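A short worksheet on the structure shown next.
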Amino acid sequence: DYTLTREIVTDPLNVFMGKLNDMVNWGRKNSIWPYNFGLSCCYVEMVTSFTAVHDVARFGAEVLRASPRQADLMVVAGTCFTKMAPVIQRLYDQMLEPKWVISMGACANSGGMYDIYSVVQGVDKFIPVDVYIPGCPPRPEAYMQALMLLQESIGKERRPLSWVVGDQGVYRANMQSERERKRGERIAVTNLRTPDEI
Amino acid sequence: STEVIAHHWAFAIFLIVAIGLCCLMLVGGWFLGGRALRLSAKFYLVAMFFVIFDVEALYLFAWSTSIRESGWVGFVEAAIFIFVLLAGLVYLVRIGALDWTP
Amino acid sequence: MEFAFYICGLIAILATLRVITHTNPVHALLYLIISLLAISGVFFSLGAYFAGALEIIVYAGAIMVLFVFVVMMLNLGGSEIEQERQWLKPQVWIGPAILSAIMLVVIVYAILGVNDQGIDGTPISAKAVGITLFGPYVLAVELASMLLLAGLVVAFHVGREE
Amino acid sequence: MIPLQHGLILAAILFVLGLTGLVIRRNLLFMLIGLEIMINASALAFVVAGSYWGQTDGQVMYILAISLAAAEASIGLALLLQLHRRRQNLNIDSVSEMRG
Amino acid sequence: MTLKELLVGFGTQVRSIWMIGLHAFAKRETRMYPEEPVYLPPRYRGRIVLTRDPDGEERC
Amino acid sequence: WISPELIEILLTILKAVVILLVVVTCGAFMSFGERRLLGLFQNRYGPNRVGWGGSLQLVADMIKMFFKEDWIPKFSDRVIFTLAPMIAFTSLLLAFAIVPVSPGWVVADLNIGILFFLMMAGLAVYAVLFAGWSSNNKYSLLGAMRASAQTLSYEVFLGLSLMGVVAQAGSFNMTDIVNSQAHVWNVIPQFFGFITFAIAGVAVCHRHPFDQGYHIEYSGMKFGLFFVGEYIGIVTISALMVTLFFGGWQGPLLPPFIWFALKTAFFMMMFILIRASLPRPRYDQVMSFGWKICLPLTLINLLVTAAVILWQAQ
Ligand SMILES: CCCCCCCCCCCCCCCCCC(=O)OC[C@H](COP(=O)(O)OCCN)OC(=O)CCCCCCCCCCCCCCCCC
Ligand SMILES: CCCCCCCCCCCCCCCCCC(=O)OC[C@H](COP(=O)(O)OCCN)OC(=O)CCCCCCCCCCCCCCCCC
Ligand SMILES: CCCCCCCCCCCCCCCCCC(=O)OC[C@H](COP(=O)(O)OCCN)OC(=O)CCCCCCCCCCCCCCCCC
Ligand SMILES: CCCCCCCCCCCCCCCCCCCC
Ligand code: SF4
């Protein structure tokens, strides 16, 4: 099951262009450069993930280009203020295809605790979001888990190989949600450690 | 000699393959993938100092490959050359021509 | 040997012709750099290895860099130059081109009447050039240093900002 | 085996092309560029003449020629920057204050 | 600038190079998620659940 | 078509092609190794999951940068914008083209040598200049003026730093340079030439600490060209430094390629250590150190080298 952007369609995938699509998706997902965009405390945990104690460099996501042209992924990590929302939209428009968006934190997800006059209630109001991370702030390993989720999201999506041959629309897989996938093991939890110890 | 024409062919192949490889990777990058203040005069001064000292450097380049054949007389001549060059450099430094921040 | 000389000479002639008839300063300087590379190739085909080395080191590596520096410093967007097209009107360029062509035929007629056994193309190394430079040409080197110093002093005195 | 006359013809062609660019161009920058072409063509002629006779005199005179060319380019660009700073244009026909 | 200042600066640059090399010769401080599971304290504030009594009915 | 001359010509062509392929893959794998070595210096691991030990990360980067959307700005000059990465790659590549890696293993045995290296660096400054102009951005224009001023201020003494080895060898040929190091490597007599050439080679490669932006408008394959040209240039400067100051391929026990590759890789590791350790100096002190200190040092070193050579020539 896939979704078009130029519509809910099926999988269109001879065998040579199939292997080409898997190789292109593998190269895209194994080399994702985030854009260095500092908004709020969620970016502090993002750069905490960037340091040596968590090693986001292992996933090939450590180049951290200061220009949106050289970046493939926008990590909106912070509150979406009304003054900063045109800046976010302009920086998103400056990025080039393929582009993916990770919302980091409850502010970027939905506005979070700041349902206030000067905060846009979520970055999905004006730019599309690929991965959402709950948390305030999400811990750095949660950001790396969201990076892995984006990696398997990219790994089966279909994009044109060239701009002159083939269908130019972009396919995005309707993935099974992590909630229903993890419900089998989350409900079975019965006992946890008592909060009186270290 | 066979060695010299072979070396010329190898150098020509190196130049051609390098230029064509960068051109081919530019073509491949263009082919693949779908679609959707007044400058001060200190830059001129620095570049002009580079030009003048580069010509004096070319004179020193010519001298350095024939130091043994020129003897001590060539050493004396290059000593006056380098002393004049260093006097010019000291003159440039002491008048603030090479200082960026005033 | 002669193939490289003829091809590089034709490339330099075409590049200089595109230099003198261009409006963009950066494109003109790029074609000038291409002509300098071609003339250095002509130098290397004739055995004057030091001449080509100093052509790309200094002429195409210092002087043209200075010209591009000045052009990008001025931010020349072709104000009253790109919108004029004055040199492309035949009433402006027919005269000087005819005069330069006449002088070219005169110089060519003078050139064609000289003894010419050809150029053997034996490579004159930089070692012999440096031997002659600091041998029979000592005062040339010292007074050329003096001339470079004078040009440096004048350009500093003129091109200050204050 | 390359004739000396062909190299001298190439040098003459470049010299008259640089002079034509010096004459027909009203910009001071293109005038300096044409001057650079002329002095480079003269240096090319000296190199061809020196290599015909098998002497280092042509390369030594080329070294002096490019020293002069670098210094003259520096001088002309300093004067061009002064002109553009104090008049805001590079029109060489407009700078005609004294005549007759 | 002073020559003593230049010598002191060269010495402190050499010291910086040497101590960065010594840091390179030290032990890694990286917790390798997800191969190494993240240790969370028992009162860590993560995913919210609803629980049951010892009798098995929902506590809410 | 069976003739020893054609066989030798084809063998030399294949040798040059092999040298070029090893150089470009070494530059790309050195970008990956720069990432890994920065991880090693900063008490971390770096990329080690894409393939065995992260060795397939470069292939992923190349596939992404090839299949990214190629972009040229709407209000920009197309020829200059396309031509800047061409220069940034090919200039310092053909600067490598003169380096002898082994006896009988050279691309061009030119009579000019490091003179040709100087031609290639003087051509290489045009990459920064053209990238600054063609971006149609005044911020990138000012950044390119600053970067080009730095590269000119250190190329003003790059060749004079190499002139000590030129004087002691007595010729411009690289084979004669590595033959003159049969007893004492040039790092011992030409130590001031060695440090000045190190500083100049660091500065002309736009590396730490002599850098800065004019890279912001490029993306996709052009940015990758600038990146791989930078790392290929670091390889070029390291190999030239090995062949000029550390004897090149000469060694007591190991085969000559083993010694040359070991010295080159040590200098690449020293490059990464320099990037990891030293901070960023300001512009005024950088240009003052480039002009007031290093250039008179090279002049005095050349004078002392000439005096020592003529004193030792009875
Ligand atoms: C092919 C059709 C056109 C295609 C497009 C243009 C491509 C570039 C054309 C110009 C450059 C290459 C010319 C051909 C050179 C081939 C090699 C050659 O002829 O070598 C002869 C000689 C070798 O040395 P020597 O010892 O004299 O050998 C005598 C043999 N016993 O060689 C020498 O002595 C010196 C050789 C020349 C100097 C080195 C190379 C200079 C290159 C300058 C390039 C300038 C920019 C060109 C830009 C073109 C596009 C705008
Ligand atoms: C984007 C592309 C732009 C244009 C790029 C260049 C176009 C031409 C490409 C094809 C060239 C074909 C090969 C040309 C001949 C090569 C061999 C050669 O030059 O041999 C002559 C000479 C031999 O020296 P040696 O062996 O010591 O002689 C003793 C006895 N003969 O050796 C010499 O004289 C060596 C010195 C000359 C070497 C010239 C190398 C190229 C110079 C131009 C680089 C351009 C860089 C990119 C553009 C920069 C910005 C404009
Ligand atoms: C293959 C080629 C590459 C080879 C790789 C290995 C060698 C790498 C060489 C890297 C060289 C880096 C040079 C950095 C120069 C910086 C100069 C500068 O701007 O210094 C400014 C700083 C302060 O100066 P000041 O004006 O007094 O400011 C005070 C104002 N309140 O001034 C100071 O703090 C004073 C000291 C200035 C710097 C002196 C030189 C230090 C060089 C770095 C350390 C190298 C140690 C040896 C490394 C191994 C070599 C084998
Ligand atoms: C950083 C190193 C770059 C090297 C570029 C050139 C590669 C050329 C490969 C040559 C291989 C054969 C060397 C001669 C044979 C003797 C040594 C054999 C074991 C390596
Ligand atoms: S979600 Fe919480 S931690 Fe993140 S930006 Fe908002 S307030 Fe800060």
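Labeling convention for the structure tokens: chains A, B, ... as they appear, residues from 1 per chain, ligands from 1 in order of appearance.
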Would you kindly report the residues of chain F within 10 Å of chain C, using only C-alpha atoms, as a ChimeraX atom specification?
/F:77,79-80,110-113,115-126,129-130,132-134,138,141-142,144-145,148-149,152,156,170-172
Quick one: residues within 8 Å of range 69-76 of chain D, only C-alpha atoms, excluding same-chain residues fewer than 4 positions away - as an MDAnalysis selection string?
(chainID B and resid 48 51:52 55) or (chainID C and resid 59 63 66 147:148 151:152 154:155) or (chainID D and resid 32 36 39:40 65 80)
Pick out the chain B residues within 7 Å of chain C. Count only C-alpha atoms. Give them as a PyMOL selection string.
chain B and resi 39+41+44-45+47-48+51-52+54+56+62-63+65-66+69-70+74+77+81+88
Let's have the selection written as a PDB file, in the first residue's frame, with C-alpha atoms.
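Writing done, so here's part14.pdb:
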ATOM      1  CA  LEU B  39      34.342  45.912  -0.766  1.00  0.00           C
ATOM      2  CA  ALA B  41      40.657  48.361  -1.135  1.00  0.00           C
ATOM      3  CA  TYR B  44      43.293  44.957  -3.803  1.00  0.00           C
ATOM      4  CA  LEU B  45      46.348  45.826  -1.705  1.00  0.00           C
ATOM      5  CA  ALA B  47      46.399  40.878  -4.145  1.00  0.00           C
ATOM      6  CA  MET B  48      48.840  43.475  -5.515  1.00  0.00           C
ATOM      7  CA  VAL B  51      51.533  39.823  -7.483  1.00  0.00           C
ATOM      8  CA  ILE B  52      54.694  41.865  -6.851  1.00  0.00           C
ATOM      9  CA  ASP B  54      55.248  36.550  -6.729  1.00  0.00           C
ATOM     10  CA  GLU B  56      60.239  38.570  -7.105  1.00  0.00           C
ATOM     11  CA  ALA B  62      65.118  31.033 -11.457  1.00  0.00           C
ATOM     12  CA  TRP B  63      68.086  31.577  -9.139  1.00  0.00           C
ATOM     13  CA  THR B  65      67.914  25.924  -9.575  1.00  0.00           C
ATOM     14  CA  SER B  66      71.411  27.185 -10.513  1.00  0.00           C
ATOM     15  CA  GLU B  69      76.815  27.216 -11.200  1.00  0.00           C
ATOM     16  CA  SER B  70      76.401  30.882 -10.241  1.00  0.00           C
ATOM     17  CA  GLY B  74      75.341  34.881  -7.754  1.00  0.00           C
ATOM     18  CA  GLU B  77      73.494  39.286  -6.283  1.00  0.00           C
ATOM     19  CA  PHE B  81      67.866  41.061  -4.297  1.00  0.00           C
ATOM     20  CA  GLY B  88      60.168  46.614   0.693  1.00  0.00           C
TER      21      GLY B  88
END
Please identify every residue of chain A that has at least one atom no more than 12 Å from any atom of chain E, counting only C-alpha atoms, and report them as a PyMOL selection string.
chain A and resi 49-59+134-148+179+183+186-198
Those residues with C-alpha atoms, as an mmCIF file, in the first residue's frame please?
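The new file result-v8.cif reads:
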data_model
loop_
_atom_site.group_PDB
_atom_site.id
_atom_site.type_symbol
_atom_site.label_atom_id
_atom_site.label_comp_id
_atom_site.auth_asym_id
_atom_site.auth_seq_id
_atom_site.Cartn_x
_atom_site.Cartn_y
_atom_site.Cartn_z
ATOM 1 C CA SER A 49 22.671 13.175 20.440
ATOM 2 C CA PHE A 50 25.332 14.739 18.208
ATOM 3 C CA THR A 51 28.072 14.340 20.839
ATOM 4 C CA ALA A 52 30.292 11.380 21.733
ATOM 5 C CA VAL A 53 28.142 9.766 24.429
ATOM 6 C CA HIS A 54 25.372 8.796 21.970
ATOM 7 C CA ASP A 55 27.259 8.686 18.620
ATOM 8 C CA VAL A 56 24.743 9.690 15.978
ATOM 9 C CA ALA A 57 27.791 9.538 13.667
ATOM 10 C CA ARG A 58 27.365 5.746 13.473
ATOM 11 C CA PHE A 59 24.239 6.206 11.329
ATOM 12 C CA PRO A 134 6.722 12.586 21.495
ATOM 13 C CA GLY A 135 8.660 13.914 24.456
ATOM 14 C CA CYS A 136 9.482 17.205 26.149
ATOM 15 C CA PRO A 137 12.328 16.842 25.414
ATOM 16 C CA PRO A 138 12.707 13.471 23.732
ATOM 17 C CA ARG A 139 15.914 11.856 24.892
ATOM 18 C CA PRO A 140 18.739 11.545 22.307
ATOM 19 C CA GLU A 141 18.221 7.809 21.815
ATOM 20 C CA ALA A 142 14.573 8.537 20.982
ATOM 21 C CA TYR A 143 15.800 10.878 18.238
ATOM 22 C CA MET A 144 18.068 8.110 16.954
ATOM 23 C CA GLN A 145 15.124 5.676 17.046
ATOM 24 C CA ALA A 146 13.113 8.170 14.992
ATOM 25 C CA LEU A 147 16.056 8.324 12.584
ATOM 26 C CA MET A 148 15.868 4.532 12.238
ATOM 27 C CA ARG A 179 1.493 1.751 18.364
ATOM 28 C CA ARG A 183 0.894 -3.251 21.409
ATOM 29 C CA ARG A 186 3.617 -3.346 25.601
ATOM 30 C CA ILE A 187 0.396 -4.769 27.069
ATOM 31 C CA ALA A 188 2.176 -7.926 28.289
ATOM 32 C CA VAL A 189 4.299 -5.855 30.709
ATOM 33 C CA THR A 190 3.244 -6.759 34.242
ATOM 34 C CA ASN A 191 5.843 -5.553 36.767
ATOM 35 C CA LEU A 192 8.250 -2.626 36.908
ATOM 36 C CA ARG A 193 10.906 -1.642 39.416
ATOM 37 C CA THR A 194 9.607 0.383 42.345
ATOM 38 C CA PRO A 195 10.525 4.100 42.224
ATOM 39 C CA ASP A 196 12.222 4.105 45.657
ATOM 40 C CA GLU A 197 15.585 2.842 44.327
ATOM 41 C CA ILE A 198 18.265 4.085 41.943
#
Site check for ligand 2: residues at most 6 Å away, only C-alpha atoms and all ligand atoms, as a compact mmCIF listing (two decimals) with C-alpha atoms, in the first residue's frame:
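As written to disk, pocket18.txt reads:
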# COMPACT_ATOMS: atom_id res chain seq x y z
CA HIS B 8 53.82 11.71 -22.88
CA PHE B 11 50.43 12.15 -19.05
CA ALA B 12 47.92 12.86 -21.84
CA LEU B 15 44.83 14.69 -18.05
CA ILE B 16 42.07 13.45 -20.37
CA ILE C 33 42.82 32.89 -18.80
CA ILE C 34 42.03 30.28 -21.47
CA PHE C 44 55.88 24.30 -23.83
CA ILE F 87 38.67 23.69 -10.95
CA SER F 91 43.59 21.62 -10.32
CA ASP F 109 58.67 12.93 -15.25
CA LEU F 110 58.51 16.65 -15.96
CA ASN F 111 61.48 18.99 -15.81
CA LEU F 123 44.81 27.73 -11.04
Kindly provide, as a list in words, all nucleotide and amino acid residues lying within 6 Å of ligand 1, counting only C-alpha atoms and all ligand atoms.
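Final answer, ordered by chain and number: residues 1, 3, 4, 7, 8, 34, 37, 38, 41, 44 and 45 of chain C.
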Skipping near chain neighbours, those fewer than 5 positions away, what residues fall within 7 Å of range 241-257 of chain F using only C-alpha atoms, listed as a list in words?
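My reading of the contact set: residues 101, 102, 165, 177, 178, 181, 185, 186, 187, 194, 263 and 264 of chain F.
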